[PDB]
4 protein chains.
Amino acid sequence: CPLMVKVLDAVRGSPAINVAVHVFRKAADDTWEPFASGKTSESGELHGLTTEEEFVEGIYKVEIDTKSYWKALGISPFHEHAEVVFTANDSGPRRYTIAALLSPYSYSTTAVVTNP
Amino acid sequence: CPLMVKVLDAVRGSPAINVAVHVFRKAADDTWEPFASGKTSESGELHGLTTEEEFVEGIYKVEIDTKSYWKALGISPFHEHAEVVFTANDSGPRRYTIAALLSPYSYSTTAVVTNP
Amino acid sequence: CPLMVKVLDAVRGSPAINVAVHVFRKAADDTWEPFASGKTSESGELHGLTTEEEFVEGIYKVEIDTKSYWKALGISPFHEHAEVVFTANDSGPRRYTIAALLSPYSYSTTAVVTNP
Amino acid sequence: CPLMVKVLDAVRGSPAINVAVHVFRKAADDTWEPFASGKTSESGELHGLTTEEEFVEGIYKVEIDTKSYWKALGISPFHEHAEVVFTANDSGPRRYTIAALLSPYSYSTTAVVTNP
Ligand SMILES: C[C@@H](CON=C1c2ccccc2-c2ccccc21)C(=O)O
Ligand SMILES: C[C@@H](CON=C1c2ccccc2-c2ccccc21)C(=O)O
């Protein structure tokens, strides 16, 4: 599993559950092509987005649908999404964990990158 | 006046100076239209992006060009840029300050929405 | 002038107003001696804590009383307070701005060290 | 395991390994008594600090020795430590994960609290 997304709620001190996540990959014509998507689990994590084989070098965007998450909790947040844009595997395969920490008017995102 | 961007460097404990910032507005066909841009000052701030007249309700994206900032410092970064996407709302406070705190493998962004 | 504290609320996207802040200096017997204190202003800032003359090299602690802030808002918090401990250094820039970004179950703190 | 500490390096996008961690518990006379200590593993995590039985209600302080971590990497950071102070188990036993994200002039800390 070369790509994992983990989402935390800084208001409740909990995983952010059932958060929609969309991954895109930049095409040769510089447009964003759909790559993978899913929803975070009870642990706030989304596994199984891609495989080593599919996850080639490129520029990827992970869009985390934070607005819908907050609205379902009765909160009107500032951001539409949290977006994480990065070049992947440009020095060979790596394992990426994209973590996002959410508040209604602020988010943090951190990448933990390991060499298999 | 209605939109300010402030950028800080968490590695050096300093304003992030000479960071390119691009603002876009979402068009009717869901594309991103260039709206305003500039570079952060010696205080890490970018003022004068827009006017009350022009900054109407709609969806905006602020891209902060973090990769070029870290590359200039000789520090290997993760993200292509930091991306802040939000809906401007006339019902709320009149000033939007988008603050970004930068590290090579992590960034946070906070919206401070106030009435001058 | 040499020490400022700025506090922001990540839930409301606002300055954190009326937050108690206590500054201590480490004594020779390793105890914490009260040094200065105040409450954040309507801009979330606390100025005038100390003077260049008094702010000599040594170890300082800034405690930000976050629990009482969240309790006033009716929001259940995790931390008793946010605590920032550092050594003041004459070799470096002359102004220390301690910034704290607050959520109920998370806080960050950043030092911006500059020359006015 | 009711208490876990996890530490990440925001400069390298990696676990923070071999970081010293000291836990204290406030005594009846309002002094900080040593409670547990250890060092983070290769995964940046510290497990086994305490047991359900020992980890009674109280006010706890987790001190993470971040300065020594950065200095060993050749960096002179701002903070002496990252300190996390919280009341634990005051509504019955909980499981606490204390996470800290480190940069030379900034740190974040987040608590994830679960009901067993
Ligand atoms: C000018 C803005 C504040 O900008 N937001 C900041 C801000 C936001 C997130 C993390 C740190 C900071 C910070 C540090 C020093 C000075 C300002 C800020 C306001 O007061 O509304
Ligand atoms: C990528 C990380 C996964 O955990 N990352 C966390 C993580 C990352 C950024 C901010 C907070 C957290 C956090 C809080 C509680 C438990 C875990 C985390 C790893 O295992 O190395």
# chains A, B, ... in the order shown; residues from 1 in each chain; ligands from 1
call {"tool": "residues_near_ligand", "arguments": {"ligand": "ligand 1", "cutoff": "7 Å", "atoms": "only C-alpha atoms and all ligand atoms", "output": "list in words"}}
result
residues 6, 97, 99, 100, 101, 109, 110, 112 and 114 of chain B; 6, 8, 15, 43, 97, 99, 100, 101, 110 and 112 of chain C
call {"tool": "residues_around", "arguments": {"residues": "residue 37 in chain B", "least_positions_apart": "3", "cutoff": "6 Å", "atoms": "only C-alpha atoms", "output": "PyMOL selection string"}}
result
chain B and resi 21-23
call {"tool": "write_last_selection", "arguments": {"atoms": "N, CA, C and O atoms", "output": "compact mmCIF listing (two decimals), in the first residue's frame"}}
result
# COMPACT_ATOMS: atom_id res chain seq x y z
N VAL B 21 2.23 34.07 -4.66
CA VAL B 21 0.86 33.75 -4.27
C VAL B 21 -0.05 34.05 -5.46
O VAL B 21 0.03 35.13 -6.03
N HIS B 22 -0.87 33.08 -5.85
CA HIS B 22 -1.82 33.24 -6.95
C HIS B 22 -3.23 32.99 -6.45
O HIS B 22 -3.49 31.98 -5.79
N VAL B 23 -4.13 33.91 -6.77
CA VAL B 23 -5.53 33.78 -6.39
C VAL B 23 -6.35 33.57 -7.64
O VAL B 23 -6.11 34.21 -8.66
call {"tool": "select_by_dssp", "arguments": {"residues": "range 46-92 of chain B", "states": "helix (DSSP H, G or I)", "output": "list in words"}}
result
residues 66, 67, 68, 69, 70, 71, 72 and 73 of chain B
call {"tool": "write_last_selection", "arguments": {"atoms": "N, CA and C atoms", "output": "PDB file, in the first residue's frame"}}
result
ATOM      1  N   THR B  66       4.992  27.144  -2.392  1.00  0.00           N
ATOM      2  CA  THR B  66       5.900  26.746  -1.331  1.00  0.00           C
ATOM      3  C   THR B  66       7.122  25.990  -1.852  1.00  0.00           C
ATOM      4  N   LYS B  67       6.960  25.199  -2.910  1.00  0.00           N
ATOM      5  CA  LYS B  67       8.083  24.386  -3.378  1.00  0.00           C
ATOM      6  C   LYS B  67       9.248  25.270  -3.804  1.00  0.00           C
ATOM      7  N   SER B  68       8.951  26.329  -4.551  1.00  0.00           N
ATOM      8  CA  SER B  68      10.012  27.229  -4.998  1.00  0.00           C
ATOM      9  C   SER B  68      10.681  27.930  -3.825  1.00  0.00           C
ATOM     10  N   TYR B  69       9.915  28.217  -2.776  1.00  0.00           N
ATOM     11  CA  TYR B  69      10.475  28.830  -1.573  1.00  0.00           C
ATOM     12  C   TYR B  69      11.504  27.915  -0.915  1.00  0.00           C
ATOM     13  N   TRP B  70      11.139  26.654  -0.690  1.00  0.00           N
ATOM     14  CA  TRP B  70      12.073  25.731  -0.069  1.00  0.00           C
ATOM     15  C   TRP B  70      13.271  25.443  -0.976  1.00  0.00           C
ATOM     16  N   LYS B  71      13.040  25.330  -2.281  1.00  0.00           N
ATOM     17  CA  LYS B  71      14.140  25.051  -3.200  1.00  0.00           C
ATOM     18  C   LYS B  71      15.181  26.169  -3.138  1.00  0.00           C
ATOM     19  N   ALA B  72      14.720  27.405  -2.982  1.00  0.00           N
ATOM     20  CA  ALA B  72      15.630  28.537  -2.903  1.00  0.00           C
ATOM     21  C   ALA B  72      16.501  28.437  -1.658  1.00  0.00           C
ATOM     22  N   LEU B  73      15.949  27.841  -0.607  1.00  0.00           N
ATOM     23  CA  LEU B  73      16.663  27.665   0.653  1.00  0.00           C
ATOM     24  C   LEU B  73      17.519  26.405   0.685  1.00  0.00           C
TER      25      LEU B  73
END
call {"tool": "calpha_fit_and_write", "arguments": {"fixed": "chain C", "moving": "chain D", "output": "short mmCIF file (atom, residue, chain, number, x, y, z; two decimals) with N, CA and C atoms, in the first residue's frame"}}
result
data_model
loop_
_atom_site.label_atom_id
_atom_site.label_comp_id
_atom_site.auth_asym_id
_atom_site.auth_seq_id
_atom_site.Cartn_x
_atom_site.Cartn_y
_atom_site.Cartn_z
N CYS D 1 9.23 46.57 22.13
CA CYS D 1 8.48 45.42 22.63
C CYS D 1 9.12 44.13 22.14
N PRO D 2 9.91 43.48 23.01
CA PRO D 2 10.65 42.29 22.57
C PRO D 2 9.86 40.99 22.66
N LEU D 3 8.67 41.03 23.25
CA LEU D 3 7.87 39.81 23.41
C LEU D 3 6.40 40.12 23.18
N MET D 4 5.81 39.43 22.22
CA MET D 4 4.39 39.59 21.95
C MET D 4 3.79 38.20 21.87
N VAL D 5 2.56 38.07 22.35
CA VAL D 5 1.84 36.80 22.26
C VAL D 5 0.55 37.02 21.47
N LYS D 6 0.31 36.14 20.51
CA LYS D 6 -0.87 36.25 19.67
C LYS D 6 -1.62 34.93 19.69
N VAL D 7 -2.94 34.96 19.90
CA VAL D 7 -3.71 33.73 20.04
C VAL D 7 -4.92 33.76 19.11
N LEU D 8 -5.11 32.67 18.37
CA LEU D 8 -6.18 32.53 17.39
C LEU D 8 -7.04 31.32 17.71
N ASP D 9 -8.32 31.43 17.37
CA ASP D 9 -9.31 30.38 17.57
C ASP D 9 -9.59 29.71 16.22
N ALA D 10 -9.23 28.44 16.10
CA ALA D 10 -9.38 27.70 14.84
C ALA D 10 -10.80 27.17 14.61
N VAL D 11 -11.64 27.24 15.64
CA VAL D 11 -13.03 26.84 15.50
C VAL D 11 -13.86 27.98 14.89
N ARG D 12 -13.59 29.20 15.34
CA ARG D 12 -14.37 30.34 14.91
C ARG D 12 -13.68 31.21 13.86
N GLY D 13 -12.38 31.00 13.63
CA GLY D 13 -11.64 31.82 12.67
C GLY D 13 -11.52 33.25 13.13
N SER D 14 -11.11 33.40 14.37
CA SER D 14 -11.14 34.68 15.04
C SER D 14 -9.96 34.80 16.01
N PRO D 15 -9.64 36.03 16.39
CA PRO D 15 -8.74 36.16 17.53
C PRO D 15 -9.33 35.49 18.77
N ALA D 16 -8.48 34.98 19.65
CA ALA D 16 -8.92 34.48 20.93
C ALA D 16 -8.75 35.59 21.95
N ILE D 17 -9.88 36.13 22.40
CA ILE D 17 -9.90 37.34 23.21
C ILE D 17 -9.97 37.02 24.70
N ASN D 18 -9.31 37.86 25.50
CA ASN D 18 -9.30 37.80 26.96
C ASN D 18 -8.65 36.53 27.53
N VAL D 19 -7.76 35.94 26.75
CA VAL D 19 -7.06 34.74 27.18
C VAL D 19 -5.94 35.13 28.15
N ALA D 20 -5.91 34.50 29.31
CA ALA D 20 -4.87 34.78 30.28
C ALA D 20 -3.54 34.17 29.84
N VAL D 21 -2.47 34.92 30.05
CA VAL D 21 -1.11 34.52 29.66
C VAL D 21 -0.17 34.81 30.81
N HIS D 22 0.60 33.80 31.21
CA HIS D 22 1.58 33.93 32.29
C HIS D 22 2.96 33.60 31.75
N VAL D 23 3.91 34.49 31.99
CA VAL D 23 5.29 34.27 31.57
C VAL D 23 6.16 34.05 32.79
N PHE D 24 7.02 33.04 32.71
CA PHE D 24 7.95 32.70 33.77
C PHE D 24 9.37 32.67 33.23
N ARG D 25 10.33 32.86 34.12
CA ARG D 25 11.74 32.81 33.76
C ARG D 25 12.44 31.88 34.73
N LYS D 26 13.25 30.98 34.21
CA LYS D 26 13.94 30.02 35.06
C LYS D 26 15.03 30.72 35.88
N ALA D 27 14.98 30.54 37.19
CA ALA D 27 15.96 31.13 38.11
C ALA D 27 17.22 30.28 38.20
N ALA D 28 18.24 30.81 38.87
CA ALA D 28 19.50 30.11 39.07
C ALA D 28 19.32 28.77 39.77
N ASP D 29 18.31 28.65 40.63
CA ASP D 29 18.07 27.40 41.34
C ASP D 29 17.11 26.48 40.58
N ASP D 30 16.93 26.79 39.29
CA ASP D 30 16.12 26.00 38.36
C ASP D 30 14.63 25.99 38.68
N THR D 31 14.15 26.97 39.43
CA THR D 31 12.71 27.12 39.63
C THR D 31 12.15 28.17 38.68
N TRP D 32 10.86 28.07 38.38
CA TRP D 32 10.20 29.04 37.52
C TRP D 32 9.72 30.26 38.29
N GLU D 33 10.32 31.40 38.03
CA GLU D 33 9.92 32.64 38.68
C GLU D 33 8.94 33.42 37.81
N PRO D 34 7.92 34.02 38.44
CA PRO D 34 6.99 34.85 37.68
C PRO D 34 7.73 36.00 37.01
N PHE D 35 7.42 36.25 35.74
CA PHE D 35 8.11 37.27 34.98
C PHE D 35 7.15 38.37 34.52
N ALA D 36 6.02 37.97 33.94
CA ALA D 36 5.02 38.91 33.44
C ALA D 36 3.72 38.17 33.21
N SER D 37 2.62 38.90 33.17
CA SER D 37 1.35 38.30 32.78
C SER D 37 0.40 39.33 32.22
N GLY D 38 -0.66 38.85 31.59
CA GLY D 38 -1.66 39.73 31.03
C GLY D 38 -2.74 38.92 30.36
N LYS D 39 -3.61 39.62 29.63
CA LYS D 39 -4.70 39.01 28.88
C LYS D 39 -4.70 39.49 27.45
N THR D 40 -5.07 38.62 26.51
CA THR D 40 -5.12 39.05 25.12
C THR D 40 -6.25 40.05 24.90
N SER D 41 -6.00 40.96 23.98
CA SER D 41 -6.93 42.02 23.62
C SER D 41 -7.99 41.53 22.64
N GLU D 42 -8.77 42.46 22.12
CA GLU D 42 -9.80 42.15 21.13
C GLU D 42 -9.16 41.62 19.85
N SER D 43 -7.88 41.92 19.65
CA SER D 43 -7.17 41.45 18.46
C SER D 43 -6.48 40.11 18.72
N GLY D 44 -6.68 39.56 19.91
CA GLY D 44 -6.01 38.31 20.26
C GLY D 44 -4.54 38.48 20.61
N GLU D 45 -4.10 39.72 20.81
CA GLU D 45 -2.69 39.97 21.03
C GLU D 45 -2.44 40.51 22.41
N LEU D 46 -1.26 40.23 22.92
CA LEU D 46 -0.84 40.71 24.22
C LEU D 46 0.51 41.37 24.02
N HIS D 47 0.52 42.69 24.18
CA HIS D 47 1.70 43.53 24.05
C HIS D 47 2.12 44.05 25.41
N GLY D 48 3.34 44.56 25.50
CA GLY D 48 3.78 45.25 26.69
C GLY D 48 4.12 44.37 27.88
N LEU D 49 4.36 43.09 27.63
CA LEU D 49 4.73 42.18 28.71
C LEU D 49 6.05 42.56 29.37
N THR D 50 7.02 43.02 28.58
CA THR D 50 8.34 43.32 29.11
C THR D 50 9.03 44.42 28.31
N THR D 51 10.24 44.76 28.74
CA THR D 51 11.06 45.78 28.09
C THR D 51 12.35 45.13 27.65
N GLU D 52 13.06 45.78 26.75
CA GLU D 52 14.38 45.32 26.33
C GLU D 52 15.29 45.08 27.53
N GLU D 53 15.26 46.02 28.47
CA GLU D 53 16.13 45.99 29.64
C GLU D 53 15.86 44.76 30.52
N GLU D 54 14.60 44.53 30.84
CA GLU D 54 14.21 43.40 31.68
C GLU D 54 14.42 42.03 31.03
N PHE D 55 14.17 41.95 29.73
CA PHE D 55 14.12 40.69 29.00
C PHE D 55 15.53 40.21 28.67
N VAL D 56 16.24 39.77 29.71
CA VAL D 56 17.62 39.34 29.60
C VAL D 56 17.68 37.92 29.06
N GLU D 57 18.88 37.43 28.81
CA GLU D 57 19.03 36.03 28.42
C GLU D 57 18.45 35.14 29.49
N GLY D 58 17.83 34.05 29.07
CA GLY D 58 17.32 33.07 30.00
C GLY D 58 16.41 32.09 29.32
N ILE D 59 15.88 31.18 30.12
CA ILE D 59 14.87 30.24 29.67
C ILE D 59 13.53 30.72 30.19
N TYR D 60 12.61 30.91 29.26
CA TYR D 60 11.30 31.46 29.52
C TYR D 60 10.22 30.45 29.20
N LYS D 61 9.11 30.54 29.93
CA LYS D 61 7.93 29.73 29.67
C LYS D 61 6.75 30.67 29.53
N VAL D 62 6.05 30.56 28.41
CA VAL D 62 4.80 31.27 28.19
C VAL D 62 3.67 30.27 28.34
N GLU D 63 2.85 30.47 29.37
CA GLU D 63 1.70 29.62 29.63
C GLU D 63 0.44 30.35 29.21
N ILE D 64 -0.29 29.76 28.29
CA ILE D 64 -1.53 30.33 27.75
C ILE D 64 -2.69 29.52 28.29
N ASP D 65 -3.62 30.18 28.98
CA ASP D 65 -4.65 29.45 29.72
C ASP D 65 -5.85 29.11 28.83
N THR D 66 -5.64 28.10 27.99
CA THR D 66 -6.58 27.75 26.96
C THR D 66 -7.82 27.04 27.50
N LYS D 67 -7.67 26.28 28.59
CA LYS D 67 -8.82 25.56 29.12
C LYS D 67 -9.93 26.52 29.53
N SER D 68 -9.57 27.58 30.25
CA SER D 68 -10.56 28.56 30.68
C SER D 68 -11.24 29.24 29.49
N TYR D 69 -10.47 29.48 28.44
CA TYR D 69 -11.00 30.05 27.20
C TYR D 69 -12.10 29.17 26.62
N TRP D 70 -11.81 27.89 26.43
CA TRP D 70 -12.79 27.00 25.85
C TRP D 70 -14.00 26.80 26.75
N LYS D 71 -13.76 26.63 28.04
CA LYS D 71 -14.87 26.41 28.97
C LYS D 71 -15.89 27.55 28.92
N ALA D 72 -15.40 28.78 28.76
CA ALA D 72 -16.29 29.93 28.71
C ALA D 72 -17.15 29.93 27.44
N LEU D 73 -16.71 29.18 26.44
CA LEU D 73 -17.46 29.00 25.20
C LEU D 73 -18.32 27.73 25.23
N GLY D 74 -18.32 27.04 26.36
CA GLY D 74 -19.15 25.85 26.53
C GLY D 74 -18.48 24.55 26.13
N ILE D 75 -17.17 24.61 25.89
CA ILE D 75 -16.41 23.47 25.43
C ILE D 75 -15.46 22.94 26.50
N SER D 76 -15.44 21.62 26.67
CA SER D 76 -14.49 20.97 27.55
C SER D 76 -13.31 20.45 26.75
N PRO D 77 -12.19 21.17 26.79
CA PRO D 77 -11.06 20.84 25.92
C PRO D 77 -10.11 19.83 26.54
N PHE D 78 -9.16 19.38 25.73
CA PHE D 78 -8.21 18.40 26.21
C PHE D 78 -7.11 19.02 27.10
N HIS D 79 -6.52 20.13 26.65
CA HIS D 79 -5.32 20.62 27.31
C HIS D 79 -5.66 21.55 28.45
N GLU D 80 -4.84 21.51 29.49
CA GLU D 80 -4.97 22.50 30.57
C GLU D 80 -4.55 23.89 30.09
N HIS D 81 -3.45 23.90 29.34
CA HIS D 81 -2.82 25.11 28.83
C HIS D 81 -2.18 24.82 27.49
N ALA D 82 -1.62 25.86 26.89
CA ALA D 82 -0.59 25.72 25.88
C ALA D 82 0.65 26.32 26.52
N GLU D 83 1.73 25.56 26.56
CA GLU D 83 2.99 26.03 27.15
C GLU D 83 4.08 26.13 26.09
N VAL D 84 4.78 27.26 26.09
CA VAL D 84 5.85 27.48 25.13
C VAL D 84 7.13 27.78 25.91
N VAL D 85 8.11 26.91 25.81
CA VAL D 85 9.34 27.03 26.57
C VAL D 85 10.54 27.20 25.63
N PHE D 86 11.32 28.26 25.85
CA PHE D 86 12.38 28.60 24.92
C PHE D 86 13.49 29.39 25.60
N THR D 87 14.68 29.29 25.05
CA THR D 87 15.79 30.14 25.45
C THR D 87 15.71 31.44 24.65
N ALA D 88 15.83 32.57 25.33
CA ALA D 88 15.73 33.85 24.65
C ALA D 88 17.02 34.64 24.77
N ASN D 89 17.32 35.40 23.72
CA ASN D 89 18.40 36.39 23.71
C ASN D 89 19.80 35.83 23.96
N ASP D 90 20.02 34.55 23.66
CA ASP D 90 21.31 33.93 23.95
C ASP D 90 22.36 34.28 22.90
N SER D 91 21.94 34.97 21.84
CA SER D 91 22.86 35.49 20.84
C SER D 91 22.62 36.99 20.68
N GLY D 92 22.25 37.63 21.78
CA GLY D 92 21.89 39.04 21.75
C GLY D 92 20.39 39.22 21.65
N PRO D 93 19.93 40.46 21.83
CA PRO D 93 18.50 40.78 21.85
C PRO D 93 17.81 40.39 20.55
N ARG D 94 16.65 39.77 20.68
CA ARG D 94 15.78 39.51 19.54
C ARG D 94 14.37 39.94 19.89
N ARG D 95 13.53 40.09 18.87
CA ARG D 95 12.11 40.30 19.09
C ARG D 95 11.37 39.00 18.81
N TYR D 96 10.53 38.60 19.76
CA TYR D 96 9.82 37.32 19.69
C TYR D 96 8.33 37.51 19.62
N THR D 97 7.71 36.91 18.61
CA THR D 97 6.27 36.79 18.60
C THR D 97 5.93 35.32 18.76
N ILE D 98 5.21 35.02 19.83
CA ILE D 98 4.74 33.68 20.11
C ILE D 98 3.29 33.58 19.70
N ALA D 99 3.00 32.77 18.69
CA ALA D 99 1.64 32.63 18.22
C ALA D 99 1.11 31.26 18.57
N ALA D 100 -0.14 31.22 18.98
CA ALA D 100 -0.79 29.96 19.28
C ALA D 100 -2.12 29.88 18.56
N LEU D 101 -2.37 28.73 17.93
CA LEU D 101 -3.60 28.48 17.21
C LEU D 101 -4.34 27.39 17.96
N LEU D 102 -5.58 27.65 18.38
CA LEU D 102 -6.26 26.78 19.34
C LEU D 102 -7.44 26.04 18.76
N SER D 103 -7.51 24.75 19.07
CA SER D 103 -8.69 23.92 18.87
C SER D 103 -8.94 23.16 20.18
N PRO D 104 -10.15 22.61 20.37
CA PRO D 104 -10.41 21.95 21.65
C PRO D 104 -9.50 20.77 21.95
N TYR D 105 -9.08 20.01 20.94
CA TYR D 105 -8.19 18.87 21.21
C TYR D 105 -6.82 19.01 20.54
N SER D 106 -6.45 20.22 20.15
CA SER D 106 -5.19 20.41 19.46
C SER D 106 -4.76 21.86 19.54
N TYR D 107 -3.46 22.10 19.67
CA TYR D 107 -2.97 23.46 19.49
C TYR D 107 -1.65 23.46 18.74
N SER D 108 -1.40 24.55 18.04
CA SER D 108 -0.14 24.76 17.38
C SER D 108 0.51 25.97 18.01
N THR D 109 1.83 26.01 18.02
CA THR D 109 2.51 27.22 18.41
C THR D 109 3.70 27.45 17.53
N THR D 110 3.88 28.71 17.15
CA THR D 110 4.91 29.09 16.21
C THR D 110 5.61 30.31 16.76
N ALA D 111 6.93 30.36 16.61
CA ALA D 111 7.65 31.56 17.00
C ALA D 111 8.16 32.29 15.77
N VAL D 112 7.92 33.59 15.72
CA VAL D 112 8.52 34.41 14.69
C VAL D 112 9.53 35.29 15.39
N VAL D 113 10.80 35.16 15.00
CA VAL D 113 11.89 35.82 15.70
C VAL D 113 12.59 36.76 14.74
N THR D 114 12.71 38.02 15.14
CA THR D 114 13.35 39.01 14.30
C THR D 114 14.53 39.67 15.01
N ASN D 115 15.54 40.04 14.24
CA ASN D 115 16.69 40.77 14.76
C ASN D 115 16.46 42.26 14.55
N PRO D 116 16.28 43.02 15.65
CA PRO D 116 15.90 44.44 15.61
C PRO D 116 16.77 45.28 14.68
#
call {"tool": "select_by_dssp", "arguments": {"residues": "chain B", "states": "strand (DSSP E)", "output": "PyMOL selection string"}}
result
chain B and resi 3-9+14-15+20-26+32-39+45-46+58-64+79-88+95-103+106-114
